[PDB]
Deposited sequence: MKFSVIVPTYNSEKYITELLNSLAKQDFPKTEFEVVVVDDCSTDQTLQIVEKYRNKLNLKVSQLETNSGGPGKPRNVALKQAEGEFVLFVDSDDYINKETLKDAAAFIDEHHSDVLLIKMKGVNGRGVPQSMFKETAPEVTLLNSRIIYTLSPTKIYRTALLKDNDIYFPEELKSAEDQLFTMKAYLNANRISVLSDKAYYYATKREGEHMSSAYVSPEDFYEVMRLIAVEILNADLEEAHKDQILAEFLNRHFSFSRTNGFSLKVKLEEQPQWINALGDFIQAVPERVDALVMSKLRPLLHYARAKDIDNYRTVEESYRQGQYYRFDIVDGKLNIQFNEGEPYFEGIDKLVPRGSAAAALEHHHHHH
């Protein structure tokens, strides 16, 4: 079997037939894929709808004893059951192009990808990263492409890549768990490919867990079997994206003041796993934020964010278009900030 399509469900009764129909409609031999549904203890008739398809599909159907609260444990249970040469995770409210498995199979037989990104399309207003799907590419890296900007598991992974390297979703960390999963796949993959010929994938609490995942990602990058300068650059790119687009961006302007110490402490533990030499590699505006996160100093961290957002700085000059900023009295100057 080429493929195991892995589907975590939870009270998906109103929309699961869209996914199930798109899998039944695959222009691909039924003998060469299975559909692995693990249900997160739904209280509706999800399982009964799923059963209607057991003749159109090779279907494995499981259900957890109690709701795990997220797709991590369901997907892990399915991954242990998968016998496909490759796995594809599709969420219960999404669906795929009828030629997805056929095209992916042909691309894999031509290029032997270990991780294969497949172009996504947002429906009903949803987006959907795009900057890495402008072209089809048989081989990309973390440094010459934009793959680090999509870490959802809505991708194709060589089953043996995951299992031989013990790559599973963290079950006890309910936030951003797929970022660690896909980062680990990327870092262990001998070949990462991007297939963009058509739209294939149609897409529809405290921060302790969140920043533990981020810290595990930092440790994972730094420990990979890659050149040292390349690890540092990869970590810098991950930090660029994380501070620009994650919940970290602007948290000191949005989070209740009483809760920001808890944020800065958990963020600080993440950034403290980033060696300081890496700060020189990150976008300059983020350097004061890395500095005050490591020191776990929320007052100065918040002044930086507030200064950026209102254009006021305690002391600054401009040298060839870039600012040298002292954000508060007695604090270090940060130089060359765009």
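Gaps in the model (deposited sequence, numbered from 1): Comparing the full sequence with the modelled residues, the uncovered ranges come out as 205 to 215, 350 to 368.
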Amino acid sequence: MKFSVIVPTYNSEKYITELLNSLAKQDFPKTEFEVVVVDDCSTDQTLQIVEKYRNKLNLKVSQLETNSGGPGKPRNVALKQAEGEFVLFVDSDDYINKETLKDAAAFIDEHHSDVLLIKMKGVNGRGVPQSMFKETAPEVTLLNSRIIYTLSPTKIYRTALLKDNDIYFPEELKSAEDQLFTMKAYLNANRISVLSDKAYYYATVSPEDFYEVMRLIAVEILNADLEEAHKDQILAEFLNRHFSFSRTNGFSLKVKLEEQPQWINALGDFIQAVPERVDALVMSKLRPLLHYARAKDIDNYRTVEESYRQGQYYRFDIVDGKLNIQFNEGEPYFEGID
From here on, numbers count along this sequence of modelled residues.
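Go through the other compared entries with residues on either side of residue 205 and state whether a third or more give it no coordinates. Yes.
Do the C-alpha atoms of 209 to 217 or of 138 to 146 have the higher average B factor in the entry? It is 138 to 146.
Comparing 227 to 235 with 102 to 110, which stretch shows the greater average C-alpha B-factor in the deposited entry? Averaged over C-alpha atoms, the B-factors run higher in 102 to 110.
So among 244, 190, 152, 265, who wins on Cα B-factor in the entry? Across 244, 190, 152, 265, the entry lists the biggest C-alpha B-factor for 190.
Among 284, 312, 300, 272, where is the Cα B factor highest in this entry? Max CA B-factor in the entry, restricted to 284, 312, 300, 272: 312.
Within this chain, which third does the Cα B-factor at residue 204 fall in: lowest, middle or highest? Highest third.
Comparing against every modelled residue in the chain, figure out the third that the C-alpha B-factor of residue 292 lands in (lowest, middle or highest). Its C-alpha B-factor belongs to the lowest third of this chain's values.
Third of the chain's Cα B-factor distribution that residue 116 belongs to, per the entry: Answer is lowest: the recorded C-alpha B-factor places it there.
Using the B-factors in the PDB entry, rank residue 305's C-alpha atom against the chain and give the third, lowest, middle or highest. It belongs to the lowest third of the chain when residues are ordered by C-alpha B-factor.
Among all modelled residues of this chain, ranked by Cα B factor, put residue 80 in the bottom, middle or top third, i.e. lowest, middle or highest. Highest third - that is where residue 80 ends up once the chain's C-alpha B-factors are sorted.
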